[PDB]
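**Q** Hey, dropping input_4.cif in here, mmCIF, C-alpha atoms:
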```cif
data_model
loop_
_atom_site.group_PDB
_atom_site.id
_atom_site.type_symbol
_atom_site.label_atom_id
_atom_site.label_comp_id
_atom_site.auth_asym_id
_atom_site.auth_seq_id
_atom_site.Cartn_x
_atom_site.Cartn_y
_atom_site.Cartn_z
ATOM 1 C CA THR A 196 -45.489 8.593 -15.982
ATOM 2 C CA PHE A 197 -43.840 6.946 -12.985
ATOM 3 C CA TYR A 198 -42.745 7.399 -9.386
ATOM 4 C CA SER A 199 -39.831 9.592 -8.413
ATOM 5 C CA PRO A 200 -36.446 7.934 -7.809
ATOM 6 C CA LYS A 201 -36.348 9.256 -4.249
ATOM 7 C CA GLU A 202 -39.800 7.858 -3.489
ATOM 8 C CA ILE A 203 -38.696 4.510 -4.897
ATOM 9 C CA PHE A 204 -35.616 4.605 -2.680
ATOM 10 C CA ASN A 205 -37.785 5.286 0.356
ATOM 11 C CA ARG A 206 -40.052 2.386 -0.592
ATOM 12 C CA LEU A 207 -37.082 0.049 -0.954
ATOM 13 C CA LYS A 208 -35.418 1.201 2.261
ATOM 14 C CA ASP A 209 -38.624 0.593 4.189
ATOM 15 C CA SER A 210 -39.079 -2.706 2.355
ATOM 16 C CA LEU A 211 -35.727 -4.267 3.239
ATOM 17 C CA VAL A 212 -35.818 -6.682 6.172
ATOM 18 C CA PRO A 213 -33.635 -9.661 7.147
ATOM 19 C CA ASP A 214 -34.874 -13.111 6.217
ATOM 20 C CA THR A 215 -35.685 -15.249 9.241
ATOM 21 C CA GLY A 216 -35.113 -18.535 7.419
ATOM 22 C CA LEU A 217 -31.674 -17.529 6.166
ATOM 23 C CA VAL A 218 -30.632 -16.231 9.586
ATOM 24 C CA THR A 219 -31.841 -19.428 11.229
ATOM 25 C CA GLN A 220 -30.004 -21.548 8.673
ATOM 26 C CA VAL A 221 -26.747 -19.668 9.172
ATOM 27 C CA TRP A 222 -27.071 -19.974 12.938
ATOM 28 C CA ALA A 223 -27.527 -23.714 12.496
ATOM 29 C CA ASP A 224 -24.470 -23.938 10.247
ATOM 30 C CA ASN A 225 -22.254 -21.900 12.549
ATOM 31 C CA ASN A 226 -23.577 -23.952 15.468
ATOM 32 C CA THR A 227 -22.565 -27.202 13.786
ATOM 33 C CA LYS A 228 -19.164 -25.753 12.922
ATOM 34 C CA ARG A 229 -18.650 -24.499 16.477
ATOM 35 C CA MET A 230 -19.621 -27.871 17.923
ATOM 36 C CA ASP A 231 -16.991 -29.426 15.667
ATOM 37 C CA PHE A 232 -14.365 -26.865 16.688
ATOM 38 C CA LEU A 233 -15.088 -27.184 20.408
ATOM 39 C CA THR A 234 -14.979 -30.976 20.245
ATOM 40 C CA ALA A 235 -11.745 -30.753 18.257
ATOM 41 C CA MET A 236 -10.096 -28.458 20.800
ATOM 42 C CA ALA A 237 -11.237 -30.649 23.702
ATOM 43 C CA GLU A 238 -7.968 -32.603 23.396
ATOM 44 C CA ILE A 239 -5.576 -29.700 24.059
ATOM 45 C CA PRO A 240 -5.107 -31.121 27.596
ATOM 46 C CA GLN A 241 -3.766 -34.284 25.975
ATOM 47 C CA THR A 242 -1.334 -32.107 24.025
ATOM 48 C CA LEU A 243 -0.091 -30.389 27.187
ATOM 49 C CA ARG B 50 -42.892 -12.721 -47.982
ATOM 50 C CA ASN B 51 -41.757 -12.820 -44.350
ATOM 51 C CA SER B 52 -38.693 -10.862 -45.434
ATOM 52 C CA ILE B 53 -41.131 -8.232 -46.695
ATOM 53 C CA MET B 54 -42.906 -8.504 -43.335
ATOM 54 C CA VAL B 55 -39.677 -7.587 -41.544
ATOM 55 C CA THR B 56 -39.038 -4.830 -44.087
ATOM 56 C CA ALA B 57 -42.506 -3.401 -43.481
ATOM 57 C CA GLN B 58 -41.759 -3.891 -39.787
ATOM 58 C CA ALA B 59 -38.547 -1.881 -40.335
ATOM 59 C CA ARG B 60 -40.947 1.038 -40.505
ATOM 60 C CA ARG B 61 -41.776 3.251 -37.481
ATOM 61 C CA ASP B 62 -38.749 5.460 -38.129
ATOM 62 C CA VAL B 63 -41.212 8.342 -37.673
ATOM 63 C CA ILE B 64 -40.328 9.416 -41.233
ATOM 64 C CA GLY B 65 -38.899 6.340 -42.894
ATOM 65 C CA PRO B 66 -36.492 6.437 -45.797
ATOM 66 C CA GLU B 67 -38.390 8.079 -48.619
ATOM 67 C CA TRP B 68 -39.799 6.275 -51.640
ATOM 68 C CA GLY B 69 -37.054 4.903 -53.846
ATOM 69 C CA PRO B 70 -35.922 6.784 -56.950
ATOM 70 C CA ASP B 71 -37.866 4.196 -58.954
ATOM 71 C CA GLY B 72 -40.466 3.966 -56.190
ATOM 72 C CA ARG B 73 -38.310 1.282 -54.545
ATOM 73 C CA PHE B 74 -39.501 2.057 -51.032
ATOM 74 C CA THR B 75 -38.550 0.524 -47.677
ATOM 75 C CA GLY B 76 -39.917 0.607 -44.151
ATOM 76 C CA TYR B 77 -41.253 4.109 -44.529
ATOM 77 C CA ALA B 78 -44.027 6.424 -43.366
ATOM 78 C CA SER B 79 -45.255 9.467 -45.295
ATOM 79 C CA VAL B 80 -45.856 12.719 -43.414
ATOM 80 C CA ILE B 81 -48.631 15.253 -44.025
ATOM 81 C CA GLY B 82 -47.403 18.739 -43.196
ATOM 82 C CA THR B 83 -45.013 19.561 -40.401
ATOM 83 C CA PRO B 84 -44.669 16.387 -38.295
ATOM 84 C CA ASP B 85 -45.700 16.573 -34.663
ATOM 85 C CA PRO B 86 -42.687 17.282 -32.415
ATOM 86 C CA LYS B 87 -41.675 14.624 -29.935
ATOM 87 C CA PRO B 88 -41.323 16.063 -26.409
ATOM 88 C CA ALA B 89 -37.918 15.884 -24.774
ATOM 89 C CA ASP B 90 -37.260 12.659 -22.891
ATOM 90 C CA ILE B 91 -36.436 13.426 -19.268
ATOM 91 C CA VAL B 92 -34.168 11.862 -16.647
ATOM 92 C CA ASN B 93 -35.006 11.489 -12.970
ATOM 93 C CA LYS B 94 -31.984 11.028 -10.732
ATOM 94 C CA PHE B 95 -31.490 10.336 -7.048
ATOM 95 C CA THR B 96 -28.241 9.973 -5.127
ATOM 96 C CA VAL B 97 -27.726 7.396 -2.399
ATOM 97 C CA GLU B 98 -25.709 9.340 0.156
ATOM 98 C CA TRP C 390 -49.988 4.074 -15.913
ATOM 99 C CA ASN C 391 -50.540 1.377 -18.567
ATOM 100 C CA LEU C 392 -47.130 -0.136 -17.958
ATOM 101 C CA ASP C 393 -46.789 -3.531 -19.617
ATOM 102 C CA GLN C 394 -45.696 -4.842 -16.208
ATOM 103 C CA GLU C 395 -48.169 -4.127 -13.410
ATOM 104 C CA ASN C 396 -45.804 -4.900 -10.524
ATOM 105 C CA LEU C 397 -42.328 -3.473 -10.069
ATOM 106 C CA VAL C 398 -39.939 -6.333 -9.337
ATOM 107 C CA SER C 399 -36.595 -5.785 -7.628
ATOM 108 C CA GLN C 400 -34.046 -8.564 -7.174
ATOM 109 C CA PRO C 401 -31.446 -7.741 -4.513
ATOM 110 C CA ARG C 402 -28.417 -9.747 -3.543
ATOM 111 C CA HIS C 403 -29.169 -10.452 0.108
ATOM 112 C CA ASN C 404 -26.335 -11.423 2.433
ATOM 113 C CA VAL C 405 -26.668 -13.372 5.675
ATOM 114 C CA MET C 406 -23.471 -14.210 7.550
ATOM 115 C CA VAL C 407 -22.534 -15.263 11.086
ATOM 116 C CA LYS C 408 -19.001 -15.816 12.390
ATOM 117 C CA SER C 409 -17.704 -16.730 15.848
ATOM 118 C CA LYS C 410 -14.262 -16.724 17.455
ATOM 119 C CA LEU C 411 -14.391 -19.137 20.431
ATOM 120 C CA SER C 412 -11.119 -18.431 22.211
ATOM 121 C CA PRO C 413 -10.190 -19.720 25.685
ATOM 122 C CA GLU C 414 -9.156 -17.836 28.828
ATOM 123 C CA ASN C 415 -5.365 -17.879 29.039
ATOM 124 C CA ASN C 416 -2.200 -15.752 28.834
ATOM 125 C CA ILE C 417 -1.501 -15.642 25.077
ATOM 126 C CA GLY C 418 0.322 -12.357 25.679
ATOM 127 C CA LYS C 419 3.986 -11.800 26.606
ATOM 128 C CA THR C 420 4.711 -15.548 26.560
ATOM 129 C CA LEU C 421 4.492 -15.399 22.745
ATOM 130 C CA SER C 422 7.906 -13.765 22.502
ATOM 131 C CA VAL C 423 11.265 -14.354 20.836
ATOM 132 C CA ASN C 424 14.081 -16.087 22.732
ATOM 133 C CA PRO C 425 14.893 -14.060 25.856
ATOM 134 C CA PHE C 426 18.487 -14.694 24.861
ATOM 135 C CA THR C 427 18.162 -14.959 21.064
ATOM 136 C CA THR C 428 21.427 -13.076 20.624
ATOM 137 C CA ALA C 429 21.692 -11.853 24.248
ATOM 138 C CA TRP C 430 22.709 -15.101 25.971
ATOM 139 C CA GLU C 431 26.050 -13.407 26.643
ATOM 140 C CA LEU C 432 24.350 -11.945 29.676
ATOM 141 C CA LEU C 433 25.381 -14.864 31.874
ATOM 142 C CA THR C 434 22.398 -16.022 33.918
ATOM 143 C CA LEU C 435 20.657 -19.260 34.776
ATOM 144 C CA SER C 436 18.219 -17.923 37.371
ATOM 145 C CA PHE C 437 16.655 -15.694 34.712
ATOM 146 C CA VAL C 438 16.257 -18.725 32.446
ATOM 147 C CA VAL C 439 14.526 -20.516 35.315
ATOM 148 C CA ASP C 440 12.227 -17.510 35.679
ATOM 149 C CA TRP C 441 11.366 -17.551 31.978
ATOM 150 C CA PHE C 442 10.626 -21.270 32.016
ATOM 151 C CA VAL C 443 8.600 -21.161 35.241
ATOM 152 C CA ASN C 444 6.521 -18.302 33.858
ATOM 153 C CA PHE C 445 5.956 -20.340 30.702
ATOM 154 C CA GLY C 446 4.972 -23.417 32.701
ATOM 155 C CA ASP C 447 2.614 -21.455 34.931
ATOM 156 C CA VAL C 448 0.988 -19.846 31.889
ATOM 157 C CA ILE C 449 0.578 -23.215 30.196
ATOM 158 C CA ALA C 450 -0.940 -24.501 33.436
ATOM 159 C CA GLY C 451 -3.449 -21.655 33.698
ATOM 160 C CA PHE C 452 -5.273 -21.960 30.384
ATOM 161 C CA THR C 453 -7.582 -24.942 30.819
ATOM 162 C CA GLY C 454 -10.024 -23.286 33.208
ATOM 163 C CA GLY C 455 -11.841 -20.940 30.861
ATOM 164 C CA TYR C 456 -12.955 -21.064 27.251
ATOM 165 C CA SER C 457 -15.592 -18.835 25.634
ATOM 166 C CA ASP C 458 -15.949 -15.983 23.139
ATOM 167 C CA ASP C 459 -18.556 -14.148 21.052
ATOM 168 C CA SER C 460 -19.759 -13.893 17.454
ATOM 169 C CA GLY C 461 -20.894 -11.365 14.873
ATOM 170 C CA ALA C 462 -23.497 -11.272 12.136
ATOM 171 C CA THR C 463 -24.285 -9.046 9.173
ATOM 172 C CA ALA C 464 -27.468 -8.398 7.208
ATOM 173 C CA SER C 465 -26.835 -6.883 3.796
ATOM 174 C CA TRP C 466 -28.558 -5.991 0.538
ATOM 175 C CA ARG C 467 -27.312 -4.537 -2.738
ATOM 176 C CA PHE C 468 -29.510 -3.312 -5.591
ATOM 177 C CA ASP C 469 -28.482 -3.342 -9.249
ATOM 178 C CA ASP C 470 -31.905 -3.329 -10.891
ATOM 179 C CA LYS C 471 -32.526 -1.435 -14.150
ATOM 180 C CA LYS C 472 -36.001 -2.300 -15.385
ATOM 181 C CA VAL C 473 -37.969 -1.404 -18.506
ATOM 182 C CA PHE C 474 -41.680 -1.035 -19.130
ATOM 183 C CA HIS C 475 -43.762 -0.776 -22.264
ATOM 184 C CA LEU C 476 -46.611 1.661 -22.176
ATOM 185 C CA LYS C 477 -49.471 -0.716 -22.937
ATOM 186 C CA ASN C 478 -50.152 -0.532 -26.701
ATOM 187 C CA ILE C 479 -47.466 2.184 -26.925
ATOM 188 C CA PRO C 480 -44.051 0.469 -27.090
ATOM 189 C CA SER C 481 -42.607 3.810 -28.223
ATOM 190 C CA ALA C 482 -42.911 5.082 -24.651
ATOM 191 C CA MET C 483 -39.769 4.038 -22.798
ATOM 192 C CA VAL C 484 -39.473 4.002 -19.018
ATOM 193 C CA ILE C 485 -36.164 3.103 -17.377
ATOM 194 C CA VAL C 486 -35.943 2.728 -13.606
#
```
What would you get if you wrote out this structure as C-alpha cells?
**A**
Amino acid sequence: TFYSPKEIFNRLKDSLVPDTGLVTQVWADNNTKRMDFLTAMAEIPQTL
Amino acid sequence: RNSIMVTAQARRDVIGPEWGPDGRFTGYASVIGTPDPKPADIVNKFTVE
Amino acid sequence: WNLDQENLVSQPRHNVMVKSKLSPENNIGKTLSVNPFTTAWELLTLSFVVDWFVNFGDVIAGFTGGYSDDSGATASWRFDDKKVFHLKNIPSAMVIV
C-alpha cells in the first residue's frame, strides 16, 4: 500500500521553496558581473 | 557449488520448470493443488495539468 | 507499510537564475537608421544633411546623463523521480512511484 499520486503531488507542490543560499549566491555573482560591466562602460565618454 | 546456489536461487518462478525427464531439475517449486491466484497489479496515475 | 525505505526521497533539478540589463538613458531610436540618402542622394539638399548630422550630434550629446535598468530572476524545479520499494521481507511486492 502507498499514497495516491495526487496526494504526493500536493505534498511536493507544498514542499517546493526557493533556496536562500542559492539566491544569495546568484545575486552576488550578478552583482560582481554588473560592477564589472558598469566600470567597463564608464569610459564611453572617452569614446565620444 | 555456488553455481548450484544461483541455480537454486533461480527458483521463485512461482511454479519453476518441472523436474527433469531424468529428474534433472532446476530452480523449481512444486505446487500442491490449484496454486493461489496472484491479484492484479494496479496502476495509480495523476496528470500534472 | 513495511517499505524497505522508510523515507521517500525526491531529487529535483532546482534552478536559480538572475539576469540584468543595465541600459542608459538615451535616444537609441530613430538615430539607428540607414543612410538618409543611401540611394536617395539625388534629392539635392545640404540643409537636410545638416539637420541629420545635428540631430545625431544632439542625440550623442544627450546620453551621458542617465544610466539604469532592471533585472529578472526565476525559481524553477523539475521532477523526474521514479523510485522503488521492497516490501520488508517480501521483495515480490513491487511499488513504483
**Q** Which is closest to residue 483 (chain C) among C:427, C:422, C:391, C:434, if we use all atoms listed in the file?
**A**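 Smallest separation from residue 483 (chain C) among the options: C:391.
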**Q** Can you tell me, as a ChimeraX atom specification, what residues are no more than 12 Å from region 224-239 of chain A when counting only C-alpha atoms, ignoring any on the same chain fewer than 2 positions away?
**A** /A:217-222,241-243 /C:405-413,449-450,452-453,456-462
**Q** Keeping C-alpha atoms for every residue in the selection just given, could you write it to a file as a PDB file, keeping the file's coordinate frame?
**A**
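Result file follows (again.pdb):
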```pdb
ATOM      1  CA  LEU A 217     -31.674 -17.529   6.166  1.00  0.00           C
ATOM      2  CA  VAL A 218     -30.632 -16.231   9.586  1.00  0.00           C
ATOM      3  CA  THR A 219     -31.841 -19.428  11.229  1.00  0.00           C
ATOM      4  CA  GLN A 220     -30.004 -21.548   8.673  1.00  0.00           C
ATOM      5  CA  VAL A 221     -26.747 -19.668   9.172  1.00  0.00           C
ATOM      6  CA  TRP A 222     -27.071 -19.974  12.938  1.00  0.00           C
ATOM      7  CA  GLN A 241      -3.766 -34.284  25.975  1.00  0.00           C
ATOM      8  CA  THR A 242      -1.334 -32.107  24.025  1.00  0.00           C
ATOM      9  CA  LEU A 243      -0.091 -30.389  27.187  1.00  0.00           C
TER      10      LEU A 243
ATOM     11  CA  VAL C 405     -26.668 -13.372   5.675  1.00  0.00           C
ATOM     12  CA  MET C 406     -23.471 -14.210   7.550  1.00  0.00           C
ATOM     13  CA  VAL C 407     -22.534 -15.263  11.086  1.00  0.00           C
ATOM     14  CA  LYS C 408     -19.001 -15.816  12.390  1.00  0.00           C
ATOM     15  CA  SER C 409     -17.704 -16.730  15.848  1.00  0.00           C
ATOM     16  CA  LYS C 410     -14.262 -16.724  17.455  1.00  0.00           C
ATOM     17  CA  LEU C 411     -14.391 -19.137  20.431  1.00  0.00           C
ATOM     18  CA  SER C 412     -11.119 -18.431  22.211  1.00  0.00           C
ATOM     19  CA  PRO C 413     -10.190 -19.720  25.685  1.00  0.00           C
ATOM     20  CA  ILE C 449       0.578 -23.215  30.196  1.00  0.00           C
ATOM     21  CA  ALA C 450      -0.940 -24.501  33.436  1.00  0.00           C
ATOM     22  CA  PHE C 452      -5.273 -21.960  30.384  1.00  0.00           C
ATOM     23  CA  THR C 453      -7.582 -24.942  30.819  1.00  0.00           C
ATOM     24  CA  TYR C 456     -12.955 -21.064  27.251  1.00  0.00           C
ATOM     25  CA  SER C 457     -15.592 -18.835  25.634  1.00  0.00           C
ATOM     26  CA  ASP C 458     -15.949 -15.983  23.139  1.00  0.00           C
ATOM     27  CA  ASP C 459     -18.556 -14.148  21.052  1.00  0.00           C
ATOM     28  CA  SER C 460     -19.759 -13.893  17.454  1.00  0.00           C
ATOM     29  CA  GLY C 461     -20.894 -11.365  14.873  1.00  0.00           C
ATOM     30  CA  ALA C 462     -23.497 -11.272  12.136  1.00  0.00           C
TER      31      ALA C 462
END
```
**Q** Please find the residues of chain A near chain B - the criterion being any atom within 8 Å, counting only C-alpha atoms - and write them as a list in words.
**A** residues 199, 200 and 201 of chain A
**Q** For a quick check of understanding, using only C-alpha atoms, which of C:415, C:428, C:394, C:404 has the smallest distance to chain A?
**A** C:404
**Q** Please, what distance in Å, to one decimal, runs between CA of residue 208 (chain A) and CA of residue 476 (chain C)?
**A**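 Between CA of residue 208 (chain A) and CA of residue 476 (chain C) the gap is 26.9 Å.
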**Q** Report as a ChimeraX atom specification the set of chain C residues whose atoms approach chain B to within 10 Å, with distances computed over only C-alpha atoms.
**A** /C:481-486
**Q** For the structure provided, state which residues fall under the PyMOL selection byres ((chain C and resi 471) around 12), and present them as JSON, numbers by chain.
**A** {"A": [200], "C": [397, 398, 399, 400, 401, 468, 469, 470, 472, 473, 474, 484, 485, 486]}
**Q** Can you work out the spacing between CA of residue 213 (chain A) and CA of residue 463 (chain C) in Å, to one decimal?
**A**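 Distance reported for this atom pair: 9.6 Å.
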